$ cat coords-v1.pdb   # PDB, C-alpha atoms
MODEL        1
ATOM      1  CA  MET A   1     -30.362 222.098  81.895
ATOM      2  CA  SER A   2     -28.609 220.035  84.574
ATOM      3  CA  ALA A   3     -25.587 222.315  84.366
ATOM      4  CA  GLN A   4     -24.091 221.133  87.644
ATOM      5  CA  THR A   5     -21.882 218.445  89.167
ATOM      6  CA  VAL A   6     -24.589 215.783  89.339
ATOM      7  CA  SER A   7     -23.420 212.316  90.467
ATOM      8  CA  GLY A   8     -19.814 213.142  89.669
ATOM      9  CA  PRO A   9     -17.399 215.948  88.685
ATOM     10  CA  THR A  10     -17.733 217.795  85.384
ATOM     11  CA  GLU A  11     -15.200 217.794  82.545
ATOM     12  CA  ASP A  12     -13.700 221.082  83.770
ATOM     13  CA  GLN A  13     -12.998 219.415  87.106
ATOM     14  CA  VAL A  14     -11.239 216.479  85.476
ATOM     15  CA  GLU A  15      -8.813 218.987  83.972
ATOM     16  CA  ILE A  16      -7.858 220.346  87.388
ATOM     17  CA  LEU A  17      -7.949 216.853  88.866
ATOM     18  CA  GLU A  18      -5.614 215.354  86.254
ATOM     19  CA  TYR A  19      -3.135 218.148  86.899
ATOM     20  CA  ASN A  20      -3.452 217.506  90.629
ATOM     21  CA  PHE A  21      -3.060 213.746  90.174
ATOM     22  CA  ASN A  22       0.177 214.265  88.263
ATOM     23  CA  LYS A  23       1.413 216.876  90.745
ATOM     24  CA  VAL A  24       0.419 215.622  94.219
ATOM     25  CA  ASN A  25       2.135 212.219  94.606
ATOM     26  CA  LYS A  26      -0.010 209.837  92.509
ATOM     27  CA  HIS A  27      -1.681 208.640  95.714
ATOM     28  CA  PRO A  28      -4.844 209.599  97.664
ATOM     29  CA  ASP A  29      -3.681 211.724 100.602
ATOM     30  CA  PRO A  30      -5.651 213.071 103.621
ATOM     31  CA  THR A  31      -4.182 216.533 104.175
ATOM     32  CA  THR A  32      -3.713 216.939 100.451
ATOM     33  CA  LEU A  33      -7.276 215.932  99.485
ATOM     34  CA  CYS A  34      -9.047 218.555 101.590
ATOM     35  CA  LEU A  35      -6.699 221.361 100.550
ATOM     36  CA  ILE A  36      -6.531 220.602  96.830
ATOM     37  CA  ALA A  37     -10.266 219.867  96.618
ATOM     38  CA  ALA A  38     -11.130 223.361  97.806
ATOM     39  CA  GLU A  39      -8.772 224.897  95.250
ATOM     40  CA  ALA A  40     -10.101 222.600  92.524
ATOM     41  CA  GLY A  41     -13.646 223.616  93.384
ATOM     42  CA  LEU A  42     -14.771 220.281  94.794
ATOM     43  CA  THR A  43     -14.861 218.361  98.068
ATOM     44  CA  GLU A  44     -12.878 215.414  99.474
ATOM     45  CA  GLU A  45     -15.640 212.974  98.523
ATOM     46  CA  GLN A  46     -15.473 213.921  94.833
ATOM     47  CA  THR A  47     -11.677 214.117  94.762
ATOM     48  CA  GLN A  48     -11.320 210.712  96.435
ATOM     49  CA  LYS A  49     -13.803 209.123  94.030
ATOM     50  CA  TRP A  50     -11.852 210.457  91.060
ATOM     51  CA  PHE A  51      -8.277 209.945  92.321
ATOM     52  CA  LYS A  52      -9.011 206.304  93.171
ATOM     53  CA  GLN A  53     -10.227 205.505  89.648
ATOM     54  CA  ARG A  54      -6.989 206.803  88.144
ATOM     55  CA  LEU A  55      -5.075 204.746  90.695
ATOM     56  CA  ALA A  56      -6.134 201.576  88.875
ATOM     57  CA  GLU A  57      -5.179 202.987  85.469
ATOM     58  CA  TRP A  58      -1.898 204.285  86.875
ATOM     59  CA  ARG A  59      -0.966 200.790  88.057
ATOM     60  CA  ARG A  60      -1.794 199.312  84.644
ATOM     61  CA  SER A  61       0.119 201.803  82.516
ATOM     62  CA  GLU A  62       3.218 202.316  84.668
ATOM     63  CA  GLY A  63       3.285 198.687  85.786
ATOM     64  CA  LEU A  64       3.638 198.734  89.566
ATOM     65  CA  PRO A  65       3.712 195.577  91.726
ATOM     66  CA  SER A  66       1.415 196.919  94.457
ATOM     67  CA  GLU A  67       2.993 199.679  96.575
ATOM     68  CA  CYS A  68       6.423 198.563  97.740
ATOM     69  CA  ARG A  69       9.195 197.010  95.668
ATOM     70  CA  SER A  70       8.199 193.353  95.578
ATOM     71  CA  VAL A  71       8.915 190.853  92.822
ATOM     72  CA  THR A  72       5.689 189.123  91.831
ATOM     73  CA  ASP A  73       6.804 185.709  90.607
TER      74      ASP A  73
ENDMDL
END
$ encode --input "coords-v1.pdb" --output "structure tokens"
Amino acid sequence: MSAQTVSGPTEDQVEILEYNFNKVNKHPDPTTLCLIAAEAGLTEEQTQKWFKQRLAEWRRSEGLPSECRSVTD
């Protein structure tokens, strides 16, 4: 029962998404989202919602001062 992508993507999708995240450019992209979403078996909405959540974790783990090279003192 409820064997569908209700509310958010399923585990199987996270597998394709994680690969995509590590292969695209580590950033939510417009052209990229639509194209990769279709191949992942999702839509932009779902891909955006997922990619953005990893964005926060990415910044924590890799330690990035925002986007550009700026020394946070």
$ atom_distance --input "coords-v1.pdb" --atom1 "CA of residue 41 in chain A" --atom2 "CA of residue 16 in chain A"
9.0 Å
$ resolve_selection --input "coords-v1.pdb" --expression "the PyMOL selection byres ((chain A and resi 37) around 12)" --output "PyMOL selection string"
chain A and resi 9+13-14+16-17+20-21+24+28-36+38-51
$ atom_distance --input "coords-v1.pdb" --atom1 "CA of residue 57 in chain A" --atom2 "CA of residue 12 in chain A"
20.1 Å
$ atom_distance --input "coords-v1.pdb" --atom1 "CA of residue 59 in chain A" --atom2 "CA of residue 26 in chain A"
10.1 Å
$ decode --input "coords-v1.pdb" --residues "range 17-64 of chain A" --atoms "C-alpha atoms" --output "CSV table (one decimal), in the first residue's frame"
chain,number,residue,atom,x,y,z
A,17,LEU,CA,19.8,11.8,-7.0
A,18,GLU,CA,22.9,11.3,-4.9
A,19,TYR,CA,24.8,10.2,-8.0
A,20,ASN,CA,23.4,13.3,-9.8
A,21,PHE,CA,24.3,15.6,-6.9
A,22,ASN,CA,27.9,14.4,-7.0
A,23,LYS,CA,28.1,14.5,-10.8
A,24,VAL,CA,26.2,17.7,-11.8
A,25,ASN,CA,28.1,20.6,-10.1
A,26,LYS,CA,26.9,20.4,-6.5
A,27,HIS,CA,24.5,23.3,-7.2
A,28,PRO,CA,20.9,23.5,-8.3
A,29,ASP,CA,20.9,24.3,-12.0
A,30,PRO,CA,18.0,25.2,-14.3
A,31,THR,CA,18.8,23.4,-17.6
A,32,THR,CA,20.3,20.6,-15.6
A,33,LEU,CA,17.3,20.1,-13.3
A,34,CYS,CA,14.8,19.5,-16.0
A,35,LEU,CA,17.0,17.2,-18.0
A,36,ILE,CA,18.3,15.1,-15.1
A,37,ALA,CA,14.9,14.9,-13.4
A,38,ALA,CA,13.4,13.2,-16.5
A,39,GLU,CA,16.2,10.7,-16.6
A,40,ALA,CA,16.0,10.1,-12.8
A,41,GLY,CA,12.3,9.5,-13.1
A,42,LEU,CA,11.2,12.7,-11.3
A,43,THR,CA,10.3,16.3,-12.0
A,44,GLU,CA,12.1,19.6,-11.3
A,45,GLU,CA,10.0,20.2,-8.2
A,46,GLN,CA,11.2,17.0,-6.6
A,47,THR,CA,14.8,17.3,-7.7
A,48,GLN,CA,15.0,20.9,-6.5
A,49,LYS,CA,13.5,20.0,-3.1
A,50,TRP,CA,16.1,17.2,-2.7
A,51,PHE,CA,19.1,19.0,-4.1
A,52,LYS,CA,18.6,22.0,-1.9
A,53,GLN,CA,18.5,19.9,1.3
A,54,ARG,CA,21.9,18.4,0.4
A,55,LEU,CA,23.2,21.9,-0.3
A,56,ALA,CA,23.1,22.6,3.5
A,57,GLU,CA,24.8,19.4,4.4
A,58,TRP,CA,27.4,20.0,1.6
A,59,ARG,CA,28.3,23.4,3.1
A,60,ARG,CA,28.7,21.8,6.6
A,61,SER,CA,30.9,18.9,5.6
A,62,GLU,CA,33.1,20.5,3.0
A,63,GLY,CA,33.2,23.8,4.9
A,64,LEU,CA,32.4,26.5,2.3
